[PDB]
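Below, each chain spelled out in residue letters.
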Number of protein chains: 2
Amino acid sequence: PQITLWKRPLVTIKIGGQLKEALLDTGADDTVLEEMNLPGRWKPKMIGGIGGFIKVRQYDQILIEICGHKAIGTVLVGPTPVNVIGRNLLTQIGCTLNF
Amino acid sequence: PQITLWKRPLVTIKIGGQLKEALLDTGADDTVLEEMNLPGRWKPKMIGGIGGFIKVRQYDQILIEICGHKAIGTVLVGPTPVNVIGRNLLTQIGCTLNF
Ligand SMILES: CCOP(=O)(COc1ccc(C[C@H](NC(=O)O[C@H]2CO[C@H]3OCC[C@H]32)[C@H](O)CN(C[C@@H](C)CC)S(=O)(=O)c2ccc(CO)cc2)cc1)OCC
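Residues numbered from 1 in each chain as written, not as in the entry; some residues may be left out. Chains lettered and ligands numbered in written order. Heavy atoms only, no water. Residues with missing side-chain atoms left out of burial classes, pairs and counts.

- As annotated in the PDB entry, chain A carries the name Protease and is attributed to Human immunodeficiency virus 1.

**With respect to the environment of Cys95 of chain B**
Then comes step 1: Inspection of the secondary structure assignment puts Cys95 of chain B in the loop between α1 (87-90) and β9 (96-98).
Then comes step 2: Along the primary structure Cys95 of chain B and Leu24 of chain B are separated by 71 residues, whereas in three dimensions their C-alpha atoms are 9.2 Å apart. (Helix = DSSP H or I, 4+ residues; strand = E, 2+ residues; numbered from the N terminus.)

**Let's talk about the pairing of strand β3 (residues 18-24) of chain B**
Residue and element names in this part refer to chain B.
Then comes step 1: Relative to β3, strand β2 (residues 10-15) runs antiparallel, the two being bridged by six bridges. Bridging across to β3, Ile13 finds its partner in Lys20.
Then comes step 2: What sits between β2 and β3 in their antiparallel hairpin is a turn of two residues, with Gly16 showing a positive phi close to 55°.
Then comes step 3: As paired elements, β3 and strand β8 (residues 84-85) share two bridges and run parallel to each other. Looking at the pairing, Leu23 lines up with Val84 of β8. (Pairing = 2+ DSSP bridges.)

**Describing the relation of the copies chain B and chain A**
Then comes step 1: Least-squares fitting of chain B to chain A yields an RMSD of 0.5 Å, with the superposition described by an axial translation of 0.1 Å and a rotation of 178°. Such a combination of rotation and displacement between the chain copies is what one expects of a two-fold axis. Every residue of chain B has its C-alpha some distance from the rotation axis, and the shortest such distance is that of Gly51 of chain B, at 2.2 Å.
Then comes step 2: By residue overlap, the copies meet face to face through one surface: 100% of the interface positions of chain B are interface positions in chain A. (Least-squares fit on C-alpha atoms. Contact = heavy atoms within 4.5 Å.)

**Points about the site of the ligand**
Then comes step 1: If you check the shell around the ligand, you find 24 residues, and the closest are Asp25 and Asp29 of chain A together with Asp25, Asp30 and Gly48 of chain B.
Then comes step 2: Site remark: the ligand is flanked by residues from chains A and B.
Then comes step 3: One of the side-chain nitrogen or oxygen atoms of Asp25 of chain A is found 2.5 Å away from an oxygen atom of the ligand.
Then comes step 4: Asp30 of chain A places a main-chain nitrogen or oxygen 3.2 Å from an oxygen atom of the ligand. (Near = heavy atom within 4 Å. Polar contact = N/O pair within 3.5 Å; in protein donor to acceptor, adjacent residues only side chain to side chain.)

In structure tokens, the structure reads:
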């Protein structure tokens, strides 16, 4: 689809078999989701945002469906204020900016 | 134009008579720029993201030229680690997400 930006670009995602709402975020290199349970191994990582760094759980090669489009990539889970879909996955679904 | 998301969506902007590089950020409600001594009145504001909040100065009705496209709106100035063009201005240049 074509998504305008008058409102936050929020979409439904499916991860680990569960539905959630997430923000398409071209300013995020990586995808960061609020605290949740995901199966499989994970390793600790640090990521920095506008206000500092947070500790996240890095899950690699995770299946995630974004607005009906499949992706398999890295998903960071931690105390983010909002579920954000970053460029690592936006590229997989063929997302571009246009004006 | 069309901007793929393999790399950070960095573009040149013109603000207050100065040229800068900034990130086209669909995840930012409002525009946040690196410290710059702009003229005119302003109001204190706190904005939050990953890592917490930072203190910024809110200037209203500021003109920015983004890839030759003009836009006028609120600009937040403070110790941001990156120049971010938010939805308040991206809407004015006709920017959409497409996949
Ligand atoms: C030298 C480099 O500095 P740095 O590493 C951090 O640099 C960056 C800092 C921020 C960004 C942009 C933000 N992206 C981000 O958080 O991405 C994280 C995850 O993916 C990684 O990739 C890049 C960083 C990591 C996001 O797009 C927009 N935000 C809101 C969303 C979170 C929705 C709540 S918001 O900025 O907070 C914000 C809040 C309120 C307003 C007013 O309306 C305007 C902007 C990009 C790079 O310093 C370490 C301390």
